[PDB]
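>
Number of protein chains: 2
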Amino acid sequence: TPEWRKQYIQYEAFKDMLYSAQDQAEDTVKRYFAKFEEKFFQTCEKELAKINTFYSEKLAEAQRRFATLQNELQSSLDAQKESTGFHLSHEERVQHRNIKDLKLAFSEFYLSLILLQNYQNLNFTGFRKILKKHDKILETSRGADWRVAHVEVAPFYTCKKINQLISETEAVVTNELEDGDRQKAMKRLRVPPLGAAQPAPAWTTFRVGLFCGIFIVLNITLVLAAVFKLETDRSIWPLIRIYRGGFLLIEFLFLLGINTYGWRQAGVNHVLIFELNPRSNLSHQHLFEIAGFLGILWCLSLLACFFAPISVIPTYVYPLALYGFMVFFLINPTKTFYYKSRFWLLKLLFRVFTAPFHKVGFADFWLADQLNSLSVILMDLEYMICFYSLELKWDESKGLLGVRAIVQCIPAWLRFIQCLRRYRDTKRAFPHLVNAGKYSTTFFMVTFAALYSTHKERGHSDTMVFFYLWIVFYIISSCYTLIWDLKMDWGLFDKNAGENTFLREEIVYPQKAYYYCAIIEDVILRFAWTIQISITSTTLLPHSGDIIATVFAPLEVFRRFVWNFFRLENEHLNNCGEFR
Amino acid sequence: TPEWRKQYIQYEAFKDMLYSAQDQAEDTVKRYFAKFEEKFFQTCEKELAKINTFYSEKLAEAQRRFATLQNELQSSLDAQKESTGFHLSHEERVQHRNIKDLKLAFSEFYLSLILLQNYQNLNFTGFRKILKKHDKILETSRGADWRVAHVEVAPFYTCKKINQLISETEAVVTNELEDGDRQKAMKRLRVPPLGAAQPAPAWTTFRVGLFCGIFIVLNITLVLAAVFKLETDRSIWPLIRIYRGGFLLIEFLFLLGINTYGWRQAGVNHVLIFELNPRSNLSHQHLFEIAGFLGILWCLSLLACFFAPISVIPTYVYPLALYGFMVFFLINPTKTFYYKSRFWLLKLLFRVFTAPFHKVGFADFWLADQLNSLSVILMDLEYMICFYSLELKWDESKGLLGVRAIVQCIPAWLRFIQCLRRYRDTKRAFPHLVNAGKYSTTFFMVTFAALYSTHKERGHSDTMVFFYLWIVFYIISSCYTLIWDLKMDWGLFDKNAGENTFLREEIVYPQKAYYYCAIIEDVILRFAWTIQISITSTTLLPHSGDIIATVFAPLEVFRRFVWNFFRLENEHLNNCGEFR
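Protein sequences, first through last, are from chains B and D. The first sequence maps to residues 12 to 36, 44 to 103, 115 to 430, 446 to 624 in the UniProt record's numbering. The second sequence maps to residues 12 to 36, 44 to 103, 115 to 430, 446 to 624 in the UniProt record's numbering.
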């Protein structure tokens, strides 16, 4: 960097002479290289002091400049408001000159604060990794925990005033200089490529485009082929219900990409709350292209099952082949496409599915909540297993076309156990226990629906009472989950509405109409979710159950797409969440 | 910019008070605002002096730093070569430290020279546009030509040592620091986004991907549909020969995009020789996406002509509809998609087709040469006109499926007239007149072939002599055009081959195998081009003429794709070209 750096890292000399010593390589050599590590760590203290001092006085200069520019901004505002009253006596042009110079000064100040934030971040990363390397050399007694003690606090890193400074600078600038709108500041502060390493790389965007185009055209051909070629067999429900899982996954991945885009460009931090590595960013482009590729695979699988199989290949292979490809991509353990992200996702799966065992964090809870909505995927996988193990024709190849309650409750089971672990760790009341109650309502409703349906099939004369009980339990479950989604999980309908009518005290997204539409759709769609789960689980209604389930599931995934939006914004703004 | 600038432009104050004066607005007011313009232009002289002085001493400092770093590079090379002889007595690590510091110094020097080149370029653009604005105010007697006198030379801009400095810096750095390979310097000098304004913008790359994917899948569906549905009519030649023009245009546009990419990333300047605006760059992404969109249109047109028309729409509309869409896109005069580039292309078409009239430049000659190969497009348009005017069924809608020599010679006619205009302007010999002779060989061969074919149809007994004459004329035409393409139009086979065996003295592209493959394919493909033109023009051979013509035309466009590559590199390296 062409910045005022002396070394700021030591680059790689530490490692160069570490190699020079260790490669050369008991009696007194033990203590000799122990002393060498001791001077290594005294140089580490020297680096700590250097970064501490440099961050300290640069940050102090930043505060001084902030105060000076606040005074200048107040002076400019005073002279333009009630003090002066194309030419307009040239006073308006003088004020325009003041506006331009204020904007330039604020832009260079923004660049400087971004630069110092980058400086401290790159230091953090650098010397953390060098201490990691020293630990790998041989498991030093110091480092590791001692490194944490002297690094995680790191008086240069201790002061979290960088984030508050940048946030308040943006807020106060948009207050009057850019009338509270992101567009103008974005125009004059166009996110310089530094800080975020080439966001949306060229090739990733090209692949996003290619896969999205292939998906669009494949979908068009699929609609056309289904419309003009379906006839033949009169039982397409097995195929539609077997590919509903893939379709729901594709839709959820597209909408999660949209969620990441909205979080990134709406000013709501999401990497910090997700505890991801600051540099390992999964920008929306990566998620969009992964979802597009899986969509290409799904569409090709359905096309193959439709028109013609390679003219002598069991057509039941295509669902199995597609799902095997998906699971192999997710589980493949080598060092190929997106190995880091897949490994992180697998570790999260291990931490969440085997509950309570481990801690809770936030990613585990978020994924458990997402499964609470995607349970239709588990249902479809159970149906796949059952069909391909009992109702299949292993030799015949003329065409593919009481535990369901347990599998449907599995997501609610893991979420309930997660919340019980939360309660054990914290030993607290509501809102810790109310979540457990709400998620147990799902168990109660599903099991009572199953009992009522099996009694109806049996033909008992008391099914009216059980139906009434199911109605009341469904009502209370939907009401409690809606009240939870509005009050304790979104922050809306607070007692401090203030200016924001019927909304939270503070907001991040631009238009309130978005919030109103989201609330109305959520209230009208929680009933839909409950109805869908009950109906597709045990209501037993034939000839229409599959169609209703498959028209409601994608819309439920859309519900979760909105709910991610309006939770993770409440996690960063109000940030109750019990996490950190 | 956070650079050492005082104003470097005057930003917009010149225009601010120009508006303040002119809006306020004979007797003595005439001379009053004449004096105002006089002080405007004295301030322009002040700006000229400022930029001249600043460029002068910054450039002198650049030369001083260049000399100092040359001395340091020589010292490092001396100490690493024959002077010193993981550890290797630590001398190799000292030399590695020298390498790292030399690389860092050269990287910052490269950044500085790029910065000063940007400074002078942005000045040029800025004050050129402000003088343009002053001219628009009211057609000042000064400015315009006086502005050219005091701007185009511009002692800050007069010294073209910037280009030679950057080029020799790259060359000398790759000489030993990066062993003559672009990859290493590219790795450590990754084309900072400054200078080229966000090359390949995100949305343009996304559209490139989308259109390329739609094109790939449409092509797959087209192959499948043609293979499994062609039957029906036994006369597909009208359709194939009517869409051959569109296919050739799509292929040529894709290959021209590849040409622009190769020029851009192979270190061969192409904007300067094309006299395009320095900022209005048509990166390869734009050309690729335009070609992809036209390909989507063509593929959809063929699909519509294939399967089913919207079930009651004359199927002959689809070729007409596609070509009307293309011509409307090219000719539409509003301020919509790529208006600047389309207007430039239309002006070039006017300057080239109406020859000699205007001057020659280089873009006109290049486009005339490209038409000399794409003449099949003119032939296909002539066939379209003839068919749709004489052999069509205006009412019947059951299915669409001696001037040809003149239209085939039209490109050679315009090129010949262009070269005659060149000769008139310059009053010179070979290589100015040899081009005219070579392009007249095409007239001679085509007309003699036509006469021989019409005599053969007539049944004259002297067709043997005419066939022999056509053979000899074809031989001499192919030989002369090949000798021209190798000697005077590529620079290859020079008498100063030196190290480069059988090649030019200096080369730009990395691998010589590329040059050898290109020469061999050109020698074996010029015969193919001549055969194709003669056969598709008048050889009269039925039942095979269309197929041979349509297998050879795309390959001829490929020939021109290679020839652009290896001419515009000879235009920048040897730069004979008679132009500038």
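For each residue, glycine too, the CB sits at the ideal point set by N, CA and C.
Is B/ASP34 buried or exposed, if buried means 16 or more other CB atoms sit within 10 Å of its CB?
As a working mapping, residue 34 of chain B is identified with position 23 in the first sequence. B/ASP34 comes out exposed.
> Going by other Cβ atoms of all chains shown within 10 Å of its Cβ, with 16 needed for buried, is B/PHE357 buried or exposed?
On the first sequence, residue 357 of chain B is found 328 positions in, with the first residue counted as 1. The residue is exposed, with fewer than 16 neighbouring Cβ atoms inside 10 Å.
> For D/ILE563, count neighbouring C-beta atoms within 10 Å of its own C-beta (all shown protein chains included) and say buried if the count is 16 or more, exposed if not.
Numbered from its first residue, the second sequence carries residue 563 of chain D at position 519. Label assigned to D/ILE563: buried.
> Throw me the rounded Cβ distance for the B/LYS369 and B/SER418 pair, which I believe falls under 8 Å.
Numbered from 1 along the first sequence, position 340 holds the residue referred to as residue 369 of chain B. Numbered from 1 along the first sequence, position 389 holds the residue referred to as residue 418 of chain B. Not a contact, Cβ separation roughly 35 Å.
> Nearest-angstrom Cα distance between D/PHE115 and D/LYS132?
Within the second sequence, residue 115 of chain D is the residue found at index 86, counting from 1. Within the second sequence, residue 132 of chain D is the residue found at index 103, counting from 1. C-alpha separation (whole angstroms): 20 Å.
> Helix or strand or just coil, what does DSSP make of B/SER505?
Translated into the one-based positions of the first sequence, residue 505 of chain B becomes position 461. DSSP places B/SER505 in coil when its eight states are reduced to three.
> Quick one, which residues of the stretch 115 to 129 of chain B are near chain D if we go by CB-CB under 9 Å, in chain order?
Per Cβ criterion, the list reads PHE115, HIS116, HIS119, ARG122, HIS125, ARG126, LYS129.
> Go ahead and label B/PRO307 buried or exposed: buried means 16 or more other beta carbons lie within 10 angstroms of its beta carbon, across all protein chains shown.
Working through the first sequence from its first residue, we reach residue 307 of chain B at position 278. Exposed: under 16 other Cβ atoms inside 10 Å.
> Taking the alpha-carbon of D/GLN98 as reference, which of D/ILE527, D/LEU206, D/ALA493, D/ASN479 has the nearest alpha-carbon?
Stepping through the second sequence from its first residue, residue 98 of chain D is reached at position 80. Checked all of D/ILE527, D/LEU206, D/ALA493, D/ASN479; the closest Cα to D/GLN98 is D/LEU206.
> Express the C-alpha separation of D/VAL516 and D/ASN401 in angstroms, rounding to a whole number.
Residue mapping note: residue 401 of chain D aligns to position 372 of the second sequence, counting from 1. Residue mapping note: residue 516 of chain D aligns to position 472 of the second sequence, counting from 1. Roughly 22 Å separates the two Cα atoms.
> For B/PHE51, tell me which candidate among B/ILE143, B/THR71, B/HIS163, B/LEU142 has the shortest Cα-Cα distance.
Position 33 of the first sequence, counted from the start, is the residue given in the question as residue 51 of chain B. Among B/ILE143, B/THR71, B/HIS163, B/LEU142, the Cα nearest to that of B/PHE51 is on B/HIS163.
> State yes or no: is the beta carbon of B/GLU137 nearer than 7 Å to at least one beta carbon in chain D?
As a first step, residue 137 of chain B must be located in the first sequence, where it is residue number 108. For B/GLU137, the answer is yes, since a Cβ of chain D falls inside 7 Å of its Cβ.
> Which same chain residues, not among the five before or five after B/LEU526, have their C-beta less than 8 Å away from its C-beta?
Residue mapping note: residue 526 of chain B aligns to position 482 of the first sequence, counting from 1. Result list for B/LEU526: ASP566, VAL567, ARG570, in chain order.
> Please work out which residues of its chain come closer than 8 Å, Cβ to Cβ, to D/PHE354, disregarding the five sequence neighbours upstream and downstream, and give them in chain order.
Within the second sequence, numbered from 1, the residue matching residue 354 of chain D stands at position 325. So the qualifying residues of the chain are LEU326.
> Compute the Euclidean distance between the alpha carbons of D/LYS190 and D/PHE84, then round it to the nearest angstrom.
Within the second sequence, residue 190 of chain D is the residue found at index 161, counting from 1. Within the second sequence, residue 84 of chain D is the residue found at index 66, counting from 1. Straight-line Cα distance between these residues: approximately 13 Å.
> The alpha helix (DSSP H) spanning B/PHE357 covers which residue range?
By one-based count along the first sequence, residue 357 of chain B stands at place 328. Per DSSP, B/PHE357 belongs to the alpha helix (DSSP H) from 346 to 360.
> Beta carbon of D/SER497, beta carbon of D/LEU403: below 7 Å?
Taking the second sequence and counting its residues from 1, one reaches residue 497 of chain D at position 453. Taking the second sequence and counting its residues from 1, one reaches residue 403 of chain D at position 374. Taking 7 Å as the Cβ cut-off, D/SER497 and D/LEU403 do not qualify as a contacting pair.
> Where does D/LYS99 sit, in a helix, a strand or coil, going by DSSP?
The sequence position of residue 99 of chain D within the second sequence is 81, counting from 1. DSSP places D/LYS99 in coil when its eight states are reduced to three.
> Near B/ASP590, which residues of its chain fall below 6 Å by C-beta distance, leaving aside the five closest residues on each side in sequence?
One-based indexing of the first sequence puts residue 590 of chain B at position 546. Excluding sequence neighbours, B/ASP590 sits near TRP266, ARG270.
> Secondary structure at D/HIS299, three-state DSSP: helix, strand or coil?
The residue you call residue 299 of chain D lines up with position 270 of the second sequence. Of the three classes helix, strand and coil, the one that applies to D/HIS299 here is coil, per DSSP.
> Of the choices B/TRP175, B/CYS463, B/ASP262, whose alpha-carbon is the least far from that of B/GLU63?
Here residue 63 of chain B refers to the residue found at position 45 of the first sequence. Checking every option, the nearest Cα to that of B/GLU63 belongs to B/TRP175.
> Indicate the three-state DSSP secondary structure (helix, strand or coil) for D/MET532 in the structure shown.
Within the second sequence, the letter at position 488 stands for residue 532 of chain D. In this structure, D/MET532 counts as coil in the three-state DSSP scheme.
> Measure the C-alpha to C-alpha separation of D/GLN60 and D/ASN70 and round it to an integer number of angstroms.
Taking the second sequence and counting its residues from 1, one reaches residue 60 of chain D at position 42. Taking the second sequence and counting its residues from 1, one reaches residue 70 of chain D at position 52. For D/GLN60 and D/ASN70, the distance between alpha carbons rounds to 15 Å.
> Let me check understanding here. Comparing Cα to Cα, which of B/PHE153, B/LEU218, B/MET215, B/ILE159 lies closest to B/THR187?
Along the first sequence, one-based indexing puts residue 187 of chain B at 158. For the residues B/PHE153, B/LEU218, B/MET215, B/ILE159, the minimum Cα distance to B/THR187 belongs to B/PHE153.
> Taking its Cβ as the centre, do 16 or more other Cβ atoms sit within 10 Å of B/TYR512, making it buried, or is it exposed?
Within the first sequence, numbered from 1, the residue matching residue 512 of chain B stands at position 468. The residue in question, B/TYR512, is exposed, as its Cβ has fewer than 16 Cβ neighbours within 10 Å.
> Whose Cβ in chain D lies nearer than 9 Å to the Cβ of B/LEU247?
Within the first sequence, residue 247 of chain B is the residue found at index 218, counting from 1. Ordered by position in chain D, the residues that pass the 9 Å Cβ test against B/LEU247 are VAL246.
> Can you give me the C-alpha to C-alpha distance between D/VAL346 and D/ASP262, rounded to a whole angstrom?
Residue 346 of chain D sits at position 317 when you count from the first residue of the second sequence. Residue 262 of chain D sits at position 233 when you count from the first residue of the second sequence. Approximately 18 Å, taken between the alpha carbons.
> Taking all protein chains shown into account, do 16 or more other C-beta atoms lie within 10 angstroms of the C-beta of D/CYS453, making it buried, or fewer, making it exposed?
Position 409 of the second sequence, counting from 1, holds the residue named residue 453 of chain D. D/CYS453 is buried by the Cβ-count criterion.
> So with CB distances below 7 Å, who are the chain D contacts of B/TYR30?
Taking the first sequence and counting its residues from 1, one reaches residue 30 of chain B at position 19. What B/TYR30 touches in chain D: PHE115.
> Near residue 9 of chain D, what residues of its chain come up, given a Cβ to Cβ distance below 8 Å and the 5 sequence neighbours on each side ignored?
Any property of residue 9 of chain D remains undetermined from this structure, which presents chain D solely from 12 to 624.
> Could you give the first and the last residue of the continuous alpha helix (DSSP H) run that contains D/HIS125?
Along the second sequence, read from residue 1 onward, the residue named residue 125 of chain D stands at position 96. Counting along the chain, the alpha helix (DSSP H) containing D/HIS125 begins and ends at 120 to 167.
> Please confirm whether D/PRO222 has its beta-carbon closer than 7 Å to some beta-carbon of chain B.
On the second sequence, residue 222 of chain D is found 193 positions in, with the first residue counted as 1. It does: the Cβ of D/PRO222 has a partner Cβ on chain B nearer than 7 Å.
> Closer than 8 Å between beta carbons: that is the criterion. Which residues of the stretch 229 to 241 of chain B meet it against chain D?
For the stretch 229 to 241 of chain B, which is checked against every Cβ of chain D, the residues closer than 8 Å are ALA229, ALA231, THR234, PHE235, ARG236, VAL237, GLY238, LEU239, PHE240, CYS241.
> In chain order, which continuous runs of the alpha helix (DSSP H) of length 4 or greater are located wholly inside the stretch 186 to 232 of chain B?
Qualifying alpha helix (DSSP H) stretches, in chain order: 190 to 205, 211 to 217.
> Compare the C-beta of B/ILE243 with all C-beta atoms of chain D and state if any pair is closer than 7 Å.
On the first sequence, residue 243 of chain B is found 214 positions in, with the first residue counted as 1. For B/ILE243, the answer is yes, since a Cβ of chain D falls inside 7 Å of its Cβ.
> With a CB to CB cut of under 7 Å and the five nearest residues on each side skipped, what residues in its chain are close to D/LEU251?
Locating residue 251 of chain D in the second sequence gives position 222, counting from the first residue. Hits under 7 Å: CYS328, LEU331, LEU332.
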